[PDB]
Amino acid sequence: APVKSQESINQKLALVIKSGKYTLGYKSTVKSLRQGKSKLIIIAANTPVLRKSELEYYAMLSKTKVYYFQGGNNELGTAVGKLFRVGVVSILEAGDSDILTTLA
Amino acid sequence: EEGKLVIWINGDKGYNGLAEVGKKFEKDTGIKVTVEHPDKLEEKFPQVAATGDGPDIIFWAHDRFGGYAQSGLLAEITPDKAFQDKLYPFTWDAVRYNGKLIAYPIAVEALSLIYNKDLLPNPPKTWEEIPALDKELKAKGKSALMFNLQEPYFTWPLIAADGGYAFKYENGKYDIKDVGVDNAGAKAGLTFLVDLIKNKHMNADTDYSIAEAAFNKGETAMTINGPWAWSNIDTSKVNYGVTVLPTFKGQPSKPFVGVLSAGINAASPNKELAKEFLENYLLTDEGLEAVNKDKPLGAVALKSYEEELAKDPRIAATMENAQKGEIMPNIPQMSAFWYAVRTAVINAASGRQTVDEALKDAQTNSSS
Ligand SMILES: OC[C@H]1O[C@H](O[C@H]2[C@H](O)[C@@H](O)[C@@H](O[C@H]3[C@H](O)[C@@H](O)[C@@H](O[C@H]4[C@H](O)[C@@H](O)[C@@H](O)O[C@@H]4CO)O[C@@H]3CO)O[C@@H]2CO)[C@H](O)[C@@H](O)[C@@H]1O
């Protein structure tokens, strides 16, 4: 359930970026999906041009959970700002983050 | 998409009237507004909103929003005091969840007894006298009563009359463990309903359509419905009256009071435009009138306009029945409650189970 603060998502994302493995954007994400390496993908529903359906199609075929961030470009933290900018983030390794057990 | 508002409202409300308010909004701001009335929109919204899809604004009775709020699907609304004062505090409380306003209140609704004055110059004051009244009308090719038996909303007033209730409201809080659909009161009510069907006074298959068509065609003397139905009766030129629900066991039928509300999709990219639309276009005397002229809203939340309409005897009857019933809780468990009670009534009516058996399971399923 999308029951988490933008401040919280940004903090969980910053932790993955800091200590885990992940990809950014359409291209690297579907590749991580097709390869079965993604543990989760986060989609910024309101990002300008986003291949939302296709990403969702790939998450389905790869049986990968997807979490939707609902905020707008306004008042965004560093991590969530990148997210919103690239539309998709694929988590390959959580690292020290609990993003996988709290969002998936 | 940014630059347009998509609205979801139930098919029994004045969606054409709402589309008028949206048409005006478009002329004034250049932002296109689209009104849709999908089926089971209250079940769909949670599904599509959770995935970055769904309308910018969702309309439904307040009982469903706590669930939406808990799943973080609603954008918190924050009208400044000047606007909050324009509406009644009772309606704001209905859309308050965890101490946060989660939607805009629009109107207060309650079911009333609707009768054909030519067929019933004097409607029954008690449920008990309905069987005899039906035997008489059947002798003339008519029936006494017909209303939707598929939705627990409509049968609940009778079930609550002698004792039924959803969750015990203990000093500012609801106890999701103390459910009252199993007590003796609720059993009496439901039994009385089952017997009506057993004795052929009503048919268990009767839905909203069957009932509304029969009443508007002068086939049955009474029906039970909300303000939204008045509009179709008017066109049908049936001489009707709107009054207090009949008592049961010397006690008032207790309808569940609902407040039609408008929530803003948390994922909506137009939250500001949505608030602008709801605060300065819909919740104005002109906005509500547009909608009300299509399908009556009942007792609107906007103080100014409710006062302009307070003299309508149909609204008076509405508020009278509302005053006798209980406001529905808006906590997440309400959905479970409704689903549970629905199954119980449908099963007892069709005989699939006995009153006791049916209410026993609903009792368990509610707090489940
Ligand atoms: O019934 C019409 C009147 O309903 C209103 O009272 C409503 C409550 O406000 C609702 O929250 C609700 O509980 C519903 C629930 O919301 C929903 O899941 C629903 O699902 C149904 C669906 O309506 C229908 O498509 C059908 O096929 O079955 C589904 C599952 O059985 O059902 C719950 C209970 O049935 O319901 C009550 C009515 O019971 C409203 O305030 C009025 O204005 C409206 O006219």
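Each chain gets a letter, A, B and so on, in the order the sequences are listed, and its residues count up from 1. Counting convention: from 1, in listed order, for ligands and their atoms alike. All values below come from the heavy atoms of this structure, side chains included, with hydrogens, waters and symmetry mates left out.
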Salt-bridge criterion met for B/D53 and A/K52 (N-O under 4.0 Å):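 So B/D53 pairs with A/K52 through a salt bridge.
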Counterpart residues, side chain to side chain contact (heavy atoms under 4.5 Å, CB included), relative to A/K65 (two or more places apart):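 Side chain to side chain contact (heavy atoms under 4.5 Å, CB included) check on A/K65 returns A/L40, A/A104.
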Residue list, side chain to side chain contact (heavy atoms under 4.5 Å, CB included) with B/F83, at least two apart or on another chain: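 Checked B/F83 against side chain to side chain contact (heavy atoms under 4.5 Å, CB included); matches are B/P79, B/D80, B/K86, B/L87, B/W92, B/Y104, B/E279, B/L283.
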Test ring-ring contact (aromatic ring centres under 6.0 Å, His included) applied to B/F248 - qualifying residues, sequence neighbours left out: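 Checked B/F248 against ring-ring contact (aromatic ring centres under 6.0 Å, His included); matches are B/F192.
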From CG (B/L73) to CD1 (B/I264), nearest 0.5 Å: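 Spacing of CG (B/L73) from CD1 (B/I264) equals 14.0 Å.
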Dump all N/O pairs between ligand 1 and the protein below 3.5 Å as a table: atom names plus distance, one pair per row.
{"unit_1": "ligand 1", "atom_1": "9 (O)", "unit_2": "B/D63", "atom_2": "OD1", "d": "2.7"}
{"unit_1": "ligand 1", "atom_1": "9 (O)", "unit_2": "B/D63", "atom_2": "OD2", "d": "3.4"}
{"unit_1": "ligand 1", "atom_1": "11 (O)", "unit_2": "B/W60", "atom_2": "NE1", "d": "3.2"}
{"unit_1": "ligand 1", "atom_1": "11 (O)", "unit_2": "B/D63", "atom_2": "OD1", "d": "3.2"}
{"unit_1": "ligand 1", "atom_1": "11 (O)", "unit_2": "B/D63", "atom_2": "OD2", "d": "2.4"}
{"unit_1": "ligand 1", "atom_1": "16 (O)", "unit_2": "B/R64", "atom_2": "NE", "d": "3.0"}
{"unit_1": "ligand 1", "atom_1": "18 (O)", "unit_2": "B/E43", "atom_2": "OE2", "d": "3.1"}
{"unit_1": "ligand 1", "atom_1": "18 (O)", "unit_2": "B/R64", "atom_2": "NH2", "d": "2.6"}
{"unit_1": "ligand 1", "atom_1": "18 (O)", "unit_2": "B/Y339", "atom_2": "OH", "d": "2.5"}
{"unit_1": "ligand 1", "atom_1": "20 (O)", "unit_2": "B/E43", "atom_2": "OE2", "d": "3.2"}
{"unit_1": "ligand 1", "atom_1": "31 (O)", "unit_2": "B/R342", "atom_2": "NE", "d": "3.1"}
{"unit_1": "ligand 1", "atom_1": "35 (O)", "unit_2": "B/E151", "atom_2": "OE1", "d": "3.0"}
{"unit_1": "ligand 1", "atom_1": "39 (O)", "unit_2": "B/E151", "atom_2": "OE1", "d": "2.7"}
{"unit_1": "ligand 1", "atom_1": "39 (O)", "unit_2": "B/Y153", "atom_2": "N", "d": "3.2"}
{"unit_1": "ligand 1", "atom_1": "43 (O)", "unit_2": "B/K13", "atom_2": "NZ", "d": "3.2"}
{"unit_1": "ligand 1", "atom_1": "43 (O)", "unit_2": "B/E109", "atom_2": "OE1", "d": "2.7"}
{"unit_1": "ligand 1", "atom_1": "45 (O)", "unit_2": "B/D12", "atom_2": "OD2", "d": "2.8"}

Geometric cation-pi criterion, B/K295 with B/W228: 6.0 Å, 45°: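 No - B/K295 does not lie over the ring of B/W228 by the 6.0 Å and 45° rule.
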